[PDB]
file input-v3.cif (mmCIF, C-alpha atoms and all ligand atoms)
data_start
loop_
_atom_site.label_atom_id
_atom_site.label_comp_id
_atom_site.auth_asym_id
_atom_site.auth_seq_id
_atom_site.Cartn_x
_atom_site.Cartn_y
_atom_site.Cartn_z
CA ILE S 1 -13.42 -27.14 44.09
CA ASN S 2 -16.43 -29.47 44.56
CA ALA S 3 -17.05 -31.31 47.87
CA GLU S 4 -18.74 -30.32 51.14
CA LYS S 5 -20.22 -33.05 53.34
CA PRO S 6 -22.97 -31.67 55.57
CA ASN S 7 -22.98 -32.00 59.36
CA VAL S 8 -26.61 -30.85 59.67
CA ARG S 9 -29.00 -33.64 60.60
CA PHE S 10 -32.81 -33.78 60.64
CA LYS S 11 -33.00 -32.58 64.26
CA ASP S 12 -31.55 -29.16 63.44
CA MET S 13 -34.86 -28.42 61.76
CA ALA S 14 -37.91 -27.77 63.96
CA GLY S 15 -41.53 -28.21 62.95
CA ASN S 16 -42.09 -29.62 59.46
CA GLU S 17 -42.04 -33.22 60.73
CA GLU S 18 -44.61 -33.99 58.01
CA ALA S 19 -42.60 -31.99 55.45
CA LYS S 20 -39.59 -34.13 56.29
CA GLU S 21 -41.38 -37.50 56.21
CA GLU S 22 -41.78 -36.52 52.57
CA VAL S 23 -37.98 -36.58 52.16
CA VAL S 24 -37.22 -39.65 54.27
CA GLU S 25 -37.45 -41.85 51.17
CA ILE S 26 -34.72 -39.65 49.61
CA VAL S 27 -32.38 -40.69 52.40
CA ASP S 28 -33.04 -44.41 52.07
CA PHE S 29 -32.38 -43.85 48.35
CA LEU S 30 -28.86 -42.62 49.05
CA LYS S 31 -28.07 -44.91 51.98
CA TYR S 32 -28.99 -48.27 50.50
CA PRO S 33 -29.18 -47.59 46.77
CA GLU S 34 -28.24 -51.15 45.78
CA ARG S 35 -31.45 -52.36 47.48
CA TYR S 36 -33.49 -50.87 44.65
CA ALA S 37 -31.03 -51.78 41.85
CA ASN S 38 -31.06 -55.38 43.08
CA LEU S 39 -34.87 -55.30 42.74
CA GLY S 40 -35.42 -53.01 39.77
CA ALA S 41 -36.92 -49.77 41.03
CA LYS S 42 -36.32 -46.26 39.60
CA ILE S 43 -35.20 -43.74 42.21
CA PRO S 44 -36.70 -40.33 41.37
CA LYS S 45 -34.21 -37.76 40.23
CA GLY S 46 -35.02 -34.45 41.82
CA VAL S 47 -37.48 -33.35 44.51
CA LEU S 48 -38.75 -29.76 44.55
CA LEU S 49 -39.10 -27.62 47.71
CA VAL S 50 -41.54 -24.71 48.03
CA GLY S 51 -42.09 -22.11 50.75
CA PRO S 52 -41.51 -18.43 51.78
CA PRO S 53 -37.95 -17.14 52.45
CA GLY S 54 -35.69 -18.65 55.18
CA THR S 55 -37.70 -21.67 56.27
CA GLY S 56 -35.58 -24.75 55.71
CA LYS S 57 -35.75 -25.29 51.95
CA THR S 58 -31.94 -25.20 52.12
CA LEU S 59 -31.51 -26.66 55.61
CA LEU S 60 -33.77 -29.59 54.80
CA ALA S 61 -31.81 -30.37 51.62
CA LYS S 62 -28.59 -30.36 53.71
CA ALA S 63 -30.26 -32.45 56.38
CA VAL S 64 -31.03 -35.17 53.83
CA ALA S 65 -27.53 -35.14 52.43
CA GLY S 66 -26.23 -35.04 56.05
CA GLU S 67 -28.22 -37.96 57.46
CA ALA S 68 -27.33 -40.06 54.41
CA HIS S 69 -23.60 -39.18 54.83
CA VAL S 70 -23.51 -38.29 51.16
CA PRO S 71 -21.80 -35.17 49.64
CA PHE S 72 -23.81 -32.02 49.01
CA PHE S 73 -23.46 -29.62 46.08
CA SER S 74 -24.79 -26.09 46.01
CA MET S 75 -25.93 -24.13 42.95
CA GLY S 76 -25.80 -20.34 42.95
CA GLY S 77 -29.36 -19.39 42.06
CA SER S 78 -28.53 -15.72 41.48
CA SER S 79 -25.05 -16.56 40.12
CA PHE S 80 -26.27 -17.37 36.58
CA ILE S 81 -28.15 -14.05 36.19
CA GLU S 82 -25.08 -11.74 36.45
CA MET S 83 -23.02 -13.34 33.62
CA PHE S 84 -22.85 -12.20 29.96
CA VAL S 85 -23.28 -13.76 26.45
CA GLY S 86 -20.09 -15.89 26.79
CA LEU S 87 -18.60 -17.82 29.74
CA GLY S 88 -21.66 -19.41 31.47
CA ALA S 89 -23.91 -22.41 32.33
CA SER S 90 -20.90 -24.78 32.31
CA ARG S 91 -21.05 -24.85 36.13
CA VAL S 92 -24.14 -26.96 35.50
CA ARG S 93 -22.29 -29.28 33.10
CA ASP S 94 -19.63 -29.75 35.76
CA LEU S 95 -21.71 -29.72 38.95
CA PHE S 96 -23.22 -33.07 37.89
CA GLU S 97 -19.82 -34.15 36.54
CA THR S 98 -18.49 -33.97 40.10
CA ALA S 99 -21.76 -35.27 41.55
CA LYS S 100 -21.76 -38.35 39.31
CA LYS S 101 -18.19 -39.24 40.28
CA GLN S 102 -18.67 -38.92 44.07
CA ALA S 103 -22.17 -40.42 43.82
CA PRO S 104 -24.36 -41.12 45.75
CA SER S 105 -24.70 -37.36 46.12
CA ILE S 106 -27.08 -34.37 45.95
CA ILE S 107 -27.37 -31.19 43.86
CA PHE S 108 -29.07 -28.29 45.61
CA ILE S 109 -30.46 -25.46 43.53
CA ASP S 110 -31.65 -22.66 45.82
CA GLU S 111 -33.90 -20.21 43.97
CA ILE S 112 -34.48 -22.27 40.80
CA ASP S 113 -37.31 -19.91 39.91
CA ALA S 114 -34.37 -17.56 39.40
CA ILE S 115 -33.11 -19.38 36.30
CA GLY S 116 -36.37 -21.21 35.38
CA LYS S 117 -38.37 -18.45 33.61
CA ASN S 118 -30.15 -12.93 23.75
CA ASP S 119 -27.92 -16.04 23.60
CA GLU S 120 -28.47 -16.30 27.37
CA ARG S 121 -30.72 -16.70 29.55
CA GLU S 122 -32.39 -20.05 28.96
CA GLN S 123 -28.69 -20.72 28.35
CA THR S 124 -28.30 -22.03 31.93
CA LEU S 125 -31.77 -23.55 31.61
CA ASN S 126 -32.39 -26.00 28.72
CA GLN S 127 -28.98 -27.36 29.77
CA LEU S 128 -30.27 -28.26 33.20
CA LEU S 129 -32.87 -30.58 31.58
CA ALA S 130 -29.95 -32.24 29.77
CA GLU S 131 -27.81 -33.49 32.69
CA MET S 132 -31.06 -34.30 34.53
CA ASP S 133 -32.64 -36.50 31.80
CA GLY S 134 -29.66 -38.89 31.12
CA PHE S 135 -26.97 -39.22 30.15
CA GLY S 136 -24.11 -41.78 30.22
CA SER S 137 -25.02 -43.75 33.36
CA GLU S 138 -28.22 -44.66 35.24
CA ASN S 139 -26.43 -46.73 37.93
CA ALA S 140 -24.98 -44.11 40.31
CA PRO S 141 -27.72 -42.40 42.42
CA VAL S 142 -27.72 -38.55 42.37
CA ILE S 143 -30.70 -36.52 43.56
CA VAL S 144 -30.99 -32.84 42.69
CA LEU S 145 -33.08 -30.85 45.18
CA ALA S 146 -34.32 -27.38 44.20
CA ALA S 147 -36.01 -24.68 46.19
CA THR S 148 -38.35 -21.88 45.17
CA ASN S 149 -40.35 -18.90 46.43
CA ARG S 150 -43.12 -18.28 43.88
CA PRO S 151 -43.61 -21.66 42.19
CA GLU S 152 -46.33 -19.81 40.23
CA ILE S 153 -43.79 -18.41 37.70
CA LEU S 154 -41.88 -21.70 37.83
CA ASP S 155 -41.10 -22.77 34.24
CA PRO S 156 -43.70 -25.38 33.17
CA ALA S 157 -41.01 -27.65 31.60
CA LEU S 158 -39.32 -28.66 34.88
CA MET S 159 -42.22 -30.59 36.33
CA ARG S 160 -42.47 -32.94 33.32
CA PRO S 161 -41.94 -36.41 34.88
CA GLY S 162 -38.28 -37.43 35.16
CA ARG S 163 -37.32 -33.95 36.27
CA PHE S 164 -38.99 -32.32 39.29
CA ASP S 165 -41.78 -34.88 39.12
CA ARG S 166 -42.80 -34.42 42.78
CA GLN S 167 -42.53 -31.79 45.52
CA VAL S 168 -42.36 -31.22 49.28
CA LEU S 169 -44.26 -28.13 50.40
CA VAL S 170 -43.28 -26.38 53.65
CA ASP S 171 -44.15 -22.81 54.74
CA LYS S 172 -43.81 -20.40 57.73
CA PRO S 173 -44.00 -22.12 61.11
CA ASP S 174 -47.24 -21.79 63.06
CA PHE S 175 -47.14 -20.72 66.75
CA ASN S 176 -45.77 -24.08 67.94
CA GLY S 177 -43.59 -23.88 64.87
CA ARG S 178 -42.18 -20.63 66.29
CA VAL S 179 -41.69 -22.09 69.72
CA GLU S 180 -39.59 -25.00 68.42
CA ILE S 181 -37.19 -22.85 66.32
CA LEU S 182 -37.07 -20.26 69.13
CA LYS S 183 -36.23 -23.11 71.43
CA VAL S 184 -33.75 -24.65 68.92
CA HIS S 185 -31.77 -21.38 68.56
CA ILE S 186 -31.97 -20.45 72.21
CA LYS S 187 -29.39 -23.21 73.06
CA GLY S 188 -26.01 -21.91 74.10
CA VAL S 189 -27.36 -18.41 74.91
CA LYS S 190 -27.35 -17.29 78.56
CA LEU S 191 -30.94 -16.56 79.48
CA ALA S 192 -32.87 -14.47 81.96
CA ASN S 193 -35.27 -16.60 84.10
CA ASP S 194 -37.90 -14.13 82.92
CA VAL S 195 -37.88 -15.42 79.33
CA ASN S 196 -41.45 -16.29 78.40
CA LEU S 197 -40.54 -18.08 75.20
CA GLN S 198 -44.14 -18.69 74.22
CA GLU S 199 -44.52 -14.92 74.56
CA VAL S 200 -42.07 -14.23 71.72
CA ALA S 201 -43.56 -17.02 69.61
CA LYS S 202 -46.64 -14.76 69.86
CA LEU S 203 -45.22 -11.28 69.14
CA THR S 204 -43.70 -13.16 66.22
CA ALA S 205 -46.31 -14.26 63.73
CA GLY S 206 -45.87 -14.87 60.03
CA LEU S 207 -42.11 -14.68 60.49
CA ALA S 208 -39.69 -16.84 58.50
CA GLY S 209 -37.64 -18.89 60.99
CA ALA S 210 -34.24 -17.69 59.78
CA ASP S 211 -35.65 -14.42 61.15
CA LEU S 212 -36.63 -16.00 64.46
CA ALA S 213 -33.10 -17.44 64.69
CA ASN S 214 -31.90 -13.94 64.02
CA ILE S 215 -34.14 -12.20 66.50
CA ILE S 216 -32.52 -14.49 69.12
CA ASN S 217 -29.12 -13.17 68.14
CA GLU S 218 -29.98 -9.56 67.65
CA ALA S 219 -31.41 -9.86 71.14
CA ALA S 220 -28.19 -11.40 72.42
CA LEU S 221 -25.82 -8.92 70.86
CA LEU S 222 -27.93 -6.00 71.96
CA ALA S 223 -27.31 -7.67 75.33
CA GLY S 224 -23.47 -7.77 75.15
CA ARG S 225 -23.80 -4.31 73.51
CA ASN S 226 -25.02 -2.57 76.73
CA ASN S 227 -22.85 -5.08 78.66
CA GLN S 228 -25.76 -6.64 80.64
CA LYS S 229 -25.09 -10.38 81.24
CA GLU S 230 -28.56 -11.89 81.03
CA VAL S 231 -30.50 -11.57 77.73
CA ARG S 232 -33.75 -10.55 79.36
CA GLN S 233 -37.19 -10.99 77.79
CA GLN S 234 -36.90 -7.23 77.42
CA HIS S 235 -34.10 -7.68 74.87
CA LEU S 236 -36.07 -10.28 72.88
CA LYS S 237 -38.95 -7.86 72.86
CA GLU S 238 -36.46 -5.13 71.98
CA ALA S 239 -35.41 -7.35 69.05
CA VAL S 240 -38.39 -8.24 66.91
CA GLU S 241 -37.44 -4.66 66.03
CA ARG S 242 -35.58 -6.01 62.99
CA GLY S 243 -38.99 -7.59 62.28
CA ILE S 244 -39.33 -4.76 59.77
CA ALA S 245 -38.98 -5.81 56.12
CA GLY S 246 -38.76 -2.04 55.32
CA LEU S 247 -39.57 0.06 52.23
CA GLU S 248 -38.26 -1.22 48.86
CA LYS S 249 -39.21 0.99 45.85
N1 LIG A 1 -37.40 -25.27 61.31
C1 LIG A 1 -36.23 -24.65 61.61
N2 LIG A 1 -35.51 -24.95 62.70
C2 LIG A 1 -34.35 -24.33 62.97
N3 LIG A 1 -33.81 -23.35 62.21
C3 LIG A 1 -34.44 -22.95 61.09
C4 LIG A 1 -35.71 -23.59 60.74
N4 LIG A 1 -36.14 -23.02 59.61
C5 LIG A 1 -35.20 -22.09 59.27
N5 LIG A 1 -34.18 -22.05 60.15
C6 LIG A 1 -33.02 -21.15 60.07
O1 LIG A 1 -32.99 -20.42 58.85
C7 LIG A 1 -31.66 -20.37 58.33
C8 LIG A 1 -31.47 -20.71 56.82
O2 LIG A 1 -32.62 -20.43 55.97
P1 LIG A 1 -32.89 -21.55 54.86
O3 LIG A 1 -34.05 -22.34 55.40
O4 LIG A 1 -31.52 -22.15 54.59
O5 LIG A 1 -33.39 -20.70 53.58
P2 LIG A 1 -34.51 -21.18 52.51
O6 LIG A 1 -35.61 -21.77 53.37
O7 LIG A 1 -34.83 -19.87 51.80
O8 LIG A 1 -33.81 -22.18 51.63
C9 LIG A 1 -30.91 -21.51 58.98
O9 LIG A 1 -29.69 -21.02 59.52
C10 LIG A 1 -31.85 -22.07 60.02
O10 LIG A 1 -31.28 -22.08 61.32
#
call {"tool": "encode", "arguments": {"input": "input-v3.cif", "output": "structure tokens"}}
result
Amino acid sequence: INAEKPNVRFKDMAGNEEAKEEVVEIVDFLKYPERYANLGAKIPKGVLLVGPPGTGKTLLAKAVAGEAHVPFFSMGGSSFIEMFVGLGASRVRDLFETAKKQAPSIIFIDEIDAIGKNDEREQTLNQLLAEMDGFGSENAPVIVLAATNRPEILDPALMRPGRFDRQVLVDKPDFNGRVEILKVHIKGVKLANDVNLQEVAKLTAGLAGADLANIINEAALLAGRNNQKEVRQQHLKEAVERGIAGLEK
């Protein structure tokens, strides 16, 4: 129904050490929440996340949850754009319902700029700003975390203080970004002794990170595919073949 404790922890993410400093507070907010209540603070209620596709926006959210040991709740970004005029947006009115009971906890809204621009479609929106303003208790600490691609078209309303009042920007890894991921995801794979990792970090430039992680696997299956038992630098090179976003008309 509604519960999924994450086992991710900050390490699982490579690069972005600044990006994550920016969410360290969020963890101390869920770990020792009484320390601010017994002192009269006002824990923010929702941090935004902005970068290109497959880069940690989700992973980082889950890391936070995970370090804090607090439940994590997902929100189908593209799920509330395939409904009709009737049965909808109540998954919002219940997502917090379950969050508030097992609080401290965390809502994650991947692709918020998918429902943050008929009797729709601001149906799912307008009702987000409801459960996120109030409503019946201030005591239990629940932090929504949303992610977005183009925060340019991001609905102006959502950054009005009390909602997504701050953000944490994080984009494509640099070169040393690429090496760290590449290194992260290399673990567990048999390797070739002729694997110039830096080399791939270099044929790979302006690539997401999810993609890197993928490249490593496309490599490795291509391996087992022709039976070879190494995963040679040739294979990695041979991968980076999926590094083709293709035509989309
Ligand atoms: N810095 C990173 N270190 C390790 N893996 C990463 C990193 N960034 C992205 N990934 C990989 O990308 C995949 C998920 O993409 P995600 O970041 O969840 O999407 P988005 O960034 O669009 O929310 C994860 O399985 C993760 O392994």
call {"tool": "closest_residue", "arguments": {"input": "input-v3.cif", "among": "S:130, S:145, S:43, S:106", "to": "ligand LIG 1 (chain A)", "atoms": "only C-alpha atoms and all ligand atoms"}}
result
S:145
call {"tool": "residues_near_ligand", "arguments": {"input": "input-v3.cif", "ligand": "ligand LIG 1 (chain A)", "cutoff": "10 Å", "atoms": "all atoms listed in the file", "output": "PyMOL selection string"}}
result
chain S and resi 10-17+49-62+108-111+146-149+170-173+177-185+208-214
call {"tool": "axis_aligned_box", "arguments": {"input": "input-v3.cif", "around": "range 20-24 of chain S", "padding_each_side": "8 Å", "output": "JSON"}}
result
{"center_x": -39.5, "center_y": -36.9, "center_z": 54.2, "size_x": 20.6, "size_y": 21.5, "size_z": 20.1}
call {"tool": "atom_distance", "arguments": {"input": "input-v3.cif", "atom1": "CA of residue 123 in chain S", "atom2": "CA of residue 136 in chain S"}}
result
21.6 Å
call {"tool": "residues_around", "arguments": {"input": "input-v3.cif", "residues": "residue 3 in chain S", "least_positions_apart": "4", "cutoff": "7 Å", "atoms": "all atoms listed in the file", "output": "compact mmCIF listing (two decimals) with C-alpha atoms, in the coordinates of the input"}}
result
# COMPACT_ATOMS: atom_id res chain seq x y z
CA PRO S 71 -21.80 -35.17 49.64
CA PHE S 72 -23.81 -32.02 49.01
CA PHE S 73 -23.46 -29.62 46.08
call {"tool": "residues_around", "arguments": {"input": "input-v3.cif", "residues": "residue 96 in chain S", "least_positions_apart": "4", "cutoff": "12 Å", "atoms": "all atoms listed in the file", "output": "VMD selection string"}}
result
chain S and resid 2 to 3 72 to 75 90 to 92 100 to 109 127 to 137 140 to 144
call {"tool": "residues_around", "arguments": {"input": "input-v3.cif", "residues": "residue 47 in chain S", "least_positions_apart": "5", "cutoff": "6 Å", "atoms": "only C-alpha atoms", "output": "ChimeraX atom specification"}}
result
/S:145,164,166-167
call {"tool": "atom_distance", "arguments": {"input": "input-v3.cif", "atom1": "CA of residue 215 in chain S", "atom2": "CA of residue 77 in chain S"}}
result
25.9 Å
call {"tool": "atom_distance", "arguments": {"input": "input-v3.cif", "atom1": "CA of residue 46 in chain S", "atom2": "CA of residue 25 in chain S"}}
result
12.2 Å
call {"tool": "residues_near_point", "arguments": {"input": "input-v3.cif", "point": "(-45.4, -13.6, 62.9)", "cutoff": "9 Å", "atoms": "all atoms listed in the file", "output": "number ranges by chain"}}
result
S: 172-175, 178, 201-208, 243
call {"tool": "residues_around", "arguments": {"input": "input-v3.cif", "residues": "residue 194 in chain S", "least_positions_apart": "2", "cutoff": "12 Å", "atoms": "all atoms listed in the file", "output": "ChimeraX atom specification"}}
result
/S:190-192,196-200,230-237
call {"tool": "closest_residue", "arguments": {"input": "input-v3.cif", "among": "S:224, S:66, S:6, S:161", "to": "residue 27 in chain S", "atoms": "only C-alpha atoms"}}
result
S:66
call {"tool": "closest_residue", "arguments": {"input": "input-v3.cif", "among": "S:23, S:115, S:85, S:48", "to": "residue 63 in chain S", "atoms": "all atoms listed in the file"}}
result
S:23
call {"tool": "closest_residue", "arguments": {"input": "input-v3.cif", "among": "S:187, S:69, S:9, S:150", "to": "residue 30 in chain S", "atoms": "all atoms listed in the file"}}
result
S:69
call {"tool": "closest_residue", "arguments": {"input": "input-v3.cif", "among": "S:45, S:5, S:242, S:121", "to": "residue 65 in chain S", "atoms": "all atoms listed in the file"}}
result
S:5
call {"tool": "closest_residue", "arguments": {"input": "input-v3.cif", "among": "S:70, S:216, S:247, S:81", "to": "residue 120 in chain S", "atoms": "only C-alpha atoms"}}
result
S:81
call {"tool": "build_atoms", "arguments": {"input": "input-v3.cif", "residues": "range 171-199 of chain S", "atoms": "N, CA and C atoms", "output": "compact mmCIF listing (two decimals), in the frame of the given file"}}
result
# COMPACT_ATOMS: atom_id res chain seq x y z
N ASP S 171 -44.07 -24.26 54.57
CA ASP S 171 -44.15 -22.81 54.74
C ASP S 171 -43.83 -22.35 56.18
N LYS S 172 -43.96 -21.04 56.41
CA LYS S 172 -43.81 -20.40 57.73
C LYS S 172 -44.27 -21.29 58.89
N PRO S 173 -43.45 -21.39 59.97
CA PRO S 173 -44.00 -22.12 61.11
C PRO S 173 -45.22 -21.43 61.73
N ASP S 174 -46.15 -22.24 62.21
CA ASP S 174 -47.24 -21.79 63.06
C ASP S 174 -46.66 -21.26 64.39
N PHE S 175 -47.53 -21.14 65.40
CA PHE S 175 -47.14 -20.72 66.75
C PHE S 175 -46.17 -21.71 67.37
N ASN S 176 -46.61 -22.97 67.48
CA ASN S 176 -45.77 -24.08 67.94
C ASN S 176 -44.59 -24.36 67.02
N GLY S 177 -44.74 -23.99 65.75
CA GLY S 177 -43.59 -23.88 64.87
C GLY S 177 -42.57 -22.91 65.45
N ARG S 178 -43.02 -21.69 65.75
CA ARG S 178 -42.18 -20.63 66.29
C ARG S 178 -41.53 -20.99 67.62
N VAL S 179 -42.22 -21.80 68.41
CA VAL S 179 -41.69 -22.09 69.72
C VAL S 179 -40.49 -23.00 69.56
N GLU S 180 -40.61 -23.95 68.64
CA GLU S 180 -39.59 -25.00 68.42
C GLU S 180 -38.23 -24.48 67.90
N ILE S 181 -38.29 -23.71 66.80
CA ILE S 181 -37.19 -22.85 66.32
C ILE S 181 -36.60 -21.99 67.45
N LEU S 182 -37.46 -21.18 68.06
CA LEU S 182 -37.07 -20.26 69.13
C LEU S 182 -36.34 -21.03 70.19
N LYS S 183 -36.85 -22.22 70.47
CA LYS S 183 -36.23 -23.11 71.43
C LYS S 183 -34.93 -23.70 70.90
N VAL S 184 -34.93 -24.09 69.61
CA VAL S 184 -33.75 -24.65 68.92
C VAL S 184 -32.54 -23.71 69.02
N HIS S 185 -32.78 -22.45 68.63
CA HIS S 185 -31.77 -21.38 68.56
C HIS S 185 -31.45 -20.69 69.88
N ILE S 186 -32.23 -20.99 70.90
CA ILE S 186 -31.97 -20.45 72.21
C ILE S 186 -30.76 -21.14 72.88
N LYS S 187 -30.49 -22.40 72.49
CA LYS S 187 -29.39 -23.21 73.06
C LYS S 187 -28.08 -22.46 73.01
N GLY S 188 -27.31 -22.55 74.09
CA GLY S 188 -26.01 -21.91 74.10
C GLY S 188 -26.01 -20.46 74.54
N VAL S 189 -27.16 -19.78 74.39
CA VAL S 189 -27.36 -18.41 74.91
C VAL S 189 -27.70 -18.43 76.40
N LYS S 190 -26.99 -17.60 77.17
CA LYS S 190 -27.35 -17.29 78.56
C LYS S 190 -28.71 -16.63 78.57
N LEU S 191 -29.59 -17.09 79.46
CA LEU S 191 -30.94 -16.56 79.48
C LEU S 191 -31.38 -16.02 80.85
N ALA S 192 -32.57 -15.42 80.90
CA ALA S 192 -32.87 -14.47 81.96
C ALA S 192 -33.74 -14.92 83.13
N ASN S 193 -34.31 -16.13 83.06
CA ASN S 193 -35.27 -16.60 84.10
C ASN S 193 -36.59 -15.84 84.08
N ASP S 194 -36.65 -14.80 83.25
CA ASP S 194 -37.90 -14.13 82.92
C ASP S 194 -38.11 -14.12 81.40
N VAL S 195 -37.77 -15.25 80.78
CA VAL S 195 -37.88 -15.42 79.33
C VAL S 195 -39.10 -16.26 79.02
N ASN S 196 -40.23 -15.60 78.81
CA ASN S 196 -41.45 -16.29 78.40
C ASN S 196 -41.35 -16.55 76.90
N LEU S 197 -40.88 -17.76 76.57
CA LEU S 197 -40.54 -18.08 75.20
C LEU S 197 -41.79 -18.05 74.36
N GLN S 198 -42.83 -18.71 74.86
CA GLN S 198 -44.14 -18.69 74.22
C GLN S 198 -44.50 -17.25 73.87
N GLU S 199 -44.17 -16.32 74.76
CA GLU S 199 -44.52 -14.92 74.56
C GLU S 199 -43.97 -14.38 73.24
